[PDB]
Amino acid sequence: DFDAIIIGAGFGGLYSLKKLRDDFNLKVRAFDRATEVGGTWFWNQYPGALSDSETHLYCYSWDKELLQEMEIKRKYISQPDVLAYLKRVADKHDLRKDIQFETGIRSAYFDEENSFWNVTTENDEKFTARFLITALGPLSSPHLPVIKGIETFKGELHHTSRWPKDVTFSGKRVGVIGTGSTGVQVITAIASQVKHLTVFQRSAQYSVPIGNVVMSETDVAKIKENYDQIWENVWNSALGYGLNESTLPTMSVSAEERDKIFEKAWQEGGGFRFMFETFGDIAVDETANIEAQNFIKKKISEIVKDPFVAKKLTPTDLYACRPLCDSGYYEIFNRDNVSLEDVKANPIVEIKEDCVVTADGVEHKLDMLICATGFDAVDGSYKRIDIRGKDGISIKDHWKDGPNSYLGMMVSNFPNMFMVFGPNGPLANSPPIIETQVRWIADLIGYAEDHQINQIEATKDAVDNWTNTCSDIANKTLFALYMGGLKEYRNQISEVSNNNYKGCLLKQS
Ligand SMILES: Cc1cc2nc3c(=O)[nH]c(=O)nc-3n(C[C@H](O)[C@H](O)[C@H](O)COP(=O)(O)OP(=O)(O)OC[C@H]3O[C@@H](n4cnc5c(N)ncnc54)[C@H](O)[C@@H]3O)c2cc1C
Ligand SMILES: NC(=O)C1=CN([C@@H]2O[C@H](COP(=O)(O)OP(=O)(O)OC[C@H]3O[C@@H](n4cnc5c(N)ncnc54)[C@H](O)[C@@H]3O)[C@@H](O)[C@H]2O)C=CC1
């Protein structure tokens with residue numbers, strides 16, 4: 006029995022714990038299958054895993070001491086460091102004493118008469134708790150790339166989502182399936198170290214340079230000295246990536262101008278930035294979208310010295326969402342021990358003991374095959390848990406037609422359950438969204454303790470409104505889930521919390 010159960014010990018889990026335990030004095034336990042805190046940063050330790058967000062923003066805001074303390078080696082932070090960082094947050098606030106590691110949750114069924122949650126582990130522990138905090142993140146189970154004959158393969162088959170330790174590249178032919186962000190990081194990291202790399206590319210994507218430089222003692226002092234301002238600007242921005250968000254329209258300058266603005270962002274680095282700090286309409290207007298793409302196509306053709314290769318790396322679709330970030334990805338394809346296989350015009354059909362076979366019957370002989378093939382959507386982490394609310398409805402069935410929430414946090418027919426980095430949340434840097442959501446959830450359970458209430462849920466009506474509020478803003482953009509940003513997200517939930525949780529049925533003891 007607990008005031009609250011937390012599922013997860015990543016960013017959202019760790020803070021949920023700290024806040025509910027130490028700031029609101031609640032009786033709380035946190036669960037994670039992982040042996041250590043960190044979430045995705047414990048699980049994903051492949052070559053080149055790295056924040057998209059800058060080092061000084063990809064962290065908690067609420068411990069001012071730890072900010073002055075924080076190591077800031079590079080502009081962006083490597084997986085080990087993030088894990089060291091969260092590990093050290095656990096150390097400082099002693100949170101592990103209230104985390105059971107190696108302990109998956111199987112089921113959670115809301116008890117309607119005790120107004121609390123029945124949570125049963127995979128081990129078969131039944132714990133009771135008034136409140137359910139799910140911090141499962143946005144990246145669910147990996148994609149299992151159904152490839153005929155994966156069983157026959159007798160070399161190393163590794164998946165980025167479960168990267169083993171003690172992996173050696175030297176002297177080996179290595180295949181990489183996937184050229185989204187994980188696979189670009191993998192390929193950039195390893196192309197230098199292997200005998201031969203084959204990239205199996207299903208869909209060429211746009212990548213810009215990240216520009217992950219070491220941070221001088223002065224650079225780091227400039228950050229620390231003005232850290233309070235840094236955050237206030239994060240809270241007063243759409244993306245919370247510390248960017249001079251632009252309102253300048255793209256086609257409202259010269260071609261020679263536009264060029265030079267893109268070359269500035271490009272020299273600086275970062276995908277958000279190229280897309281939101283150059284101009285203000287790149288995600289909304291098509292001409293602008295096209296202009297942004299053609300800038301990158303141009304870059305691709307300059308860097309990639311072999312035109313036929315440059316061709317295969319060039320996206321073909323009409324409009325471009327967020328570009329990936331890289332650390333010399335396009336450069337990779339110039340080298341003599343890298344080859345690109347367009348696996349949409351020449352797919353993988355079979356896989357024998359020692360090779361991947363594509364459509365034209367070429368046998369790609371590999372010692373090692375790496376799946377960098379991506380994760381399921383937000384709801385997959387939920388749908389994969391036995392979660393049942395009112396009238397024994399399981400989240401599986403309630404969301405069978407796409408995920409839904411109120412404010413990204415609360416679910417209809419699903420009481421005392423509060424989601425962190427949950428679906429229909431804002432598009433922005435992770436740590437600020439998580440802070441925002443945890444603080445808000447904590448205050449509401451605070452309100453609940455003080456107004457002696459014992460049951461909170463969002464209406465079906467509140468939810469659709471919110472589902473609508475996302476579509477209206479969404480359809481104002483090209484992205485053919506909640507946009508309009510963090511600043512306006514934080515407004516929206518303040519408009520709710522200040523109006524006695526409009527759309528939440530607060531039920532009383
Ligand atoms: C390499 C990499 C770089 C990234 N860079 C950025 C970035 O720059 N900016 C950004 O905004 N985001 C980034 N992300 C994503 C984002 O910041 C992380 O996904 C975020 O830290 C998630 O924190 P979380 O605690 O909400 O969820 P997670 O960290 O995914 O933690 C969820 C935890 O819950 C546990 N869990 C789930 N289901 C169950 C269950 N049934 N039982 C028990 N435990 C369960 C899991 O073990 C997991 O540890 C990145 C992700 C990766 C992999
Ligand atoms: N930029 C960053 O710092 C990072 C961001 N992320 C987050 O995760 C998201 C992307 O996840 P990723 O793991 O990078 O990959 P992804 O989610 O883009 O994976 C899909 C890719 O895998 C390949 N693929 C999948 N199934 C295939 C099949 N059957 N045949 C051939 N190829 C196939 C395709 O090339 C495809 O582009 C990002 O949008 C971001 O939110 C994750 C890691 C690093």
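Heads up: the sequence shown is residues 6 to 485, 505 to 533, going by the deposited numbering. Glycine residues also receive a C-beta, built at the ideal position from the N, C-alpha and C atoms.
Residue range of the unbroken beta strand (DSSP E) whose run includes residue i
i      : result
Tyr81  : 81-83
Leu55  : 55-59
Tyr324 : It is not in any beta strand (DSSP E) - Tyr324 carries neither H nor E in the DSSP assignment.
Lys405 : Careful: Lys405 lies outside any beta strand (DSSP E) and carries neither H nor E.
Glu156 : Element bounds for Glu156: n/a, residue is neither H nor E.
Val361 : 360-363
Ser399 : Element bounds for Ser399: n/a, residue is neither H nor E.
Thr203 : 201-206
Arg393 : 391-393
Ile375 : 373-376
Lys370 : 368-370
Boundaries of the alpha helix (DSSP H) in which residue i is found, first to last residue
i           : result
residue 534 : For residue 534 there is no data in the structure shown, the boundaries of the chain being 6 and 533.
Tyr232      : 232-240
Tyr452      : 435-455
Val181      : Segment 178-182 is the beta strand (DSSP E) holding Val181; no alpha helix (DSSP H) there.
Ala113      : Looking at the DSSP string, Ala113 is not in any alpha helix (DSSP H); the run it does join, the beta strand (DSSP E), is 110-116.
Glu355      : Element bounds for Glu355: not the alpha helix (DSSP H) but the beta strand (DSSP E), 353-357.
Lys304      : 291-308
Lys481      : Here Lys481 belongs to no alpha helix (DSSP H), and DSSP marks it neither H nor E.
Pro312      : 312-317
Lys24       : Element bounds for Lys24: n/a, residue is neither H nor E.
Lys265      : 260-273
Residues sharing a beta bridge with residue i, DSSP
i      : result
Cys528 : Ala463
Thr133 : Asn123
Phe36  : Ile12, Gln105
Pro214 : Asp331
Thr139 : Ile12, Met424
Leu345 : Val204
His98  : None, per the DSSP bridge assignment.
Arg167 : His164
Rounded Cβ spacing between residue i and residue j (contact assumed at less than 8 Å)
i      : j      : result
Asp448 : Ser521 : 7 Å
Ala433 : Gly245 : 4 Å
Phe380 : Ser145 : 6 Å
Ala9   : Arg135 : 7 Å
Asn339 : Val309 : 7 Å
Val289 : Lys481 : 7 Å
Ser410 : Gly142 : Their Cβ separation, rounded to whole angstroms, is 15 Å, which puts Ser410 and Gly142 out of contact at 8 Å.
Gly276 : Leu329 : 6 Å
Inter-residue spacing [alpha-carbon to alpha-carbon] between residue i and residue j
i           : j      : result
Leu253      : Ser212 : 23 Å
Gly180      : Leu371 : 6 Å
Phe281      : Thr157 : 46 Å
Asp384      : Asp86  : 28 Å
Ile138      : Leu25  : 10 Å
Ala364      : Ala315 : 22 Å
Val239      : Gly509 : 11 Å
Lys153      : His369 : 15 Å
residue 499 : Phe267 : Residue 499 cannot be located in this model; the chain continues from 485 straight on to 505.
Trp122      : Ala453 : 16 Å
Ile392      : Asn231 : 45 Å
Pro352      : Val172 : 27 Å
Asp286      : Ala260 : 16 Å
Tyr335      : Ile305 : 7 Å
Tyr63       : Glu358 : 42 Å
Residue i classed as buried or exposed, judged by whether at least 16 other C-beta atoms fall within 10 angstroms
i           : result
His456      : exposed
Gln532      : exposed
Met256      : exposed
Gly407      : exposed
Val218      : exposed
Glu440      : buried
residue 498 : A break in the chain separates 485 from 505, and the residue in question, residue 498, sits inside that break with no coordinates.
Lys102      : exposed
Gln84       : buried
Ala350      : exposed
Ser208      : exposed
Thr40       : exposed
residue 494 : Since the numbering of the chain jumps from 485 to 505, residue 494 cannot be located in this structure.
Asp331      : buried
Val204      : buried
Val367      : exposed
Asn49       : buried
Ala377      : buried
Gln210      : buried
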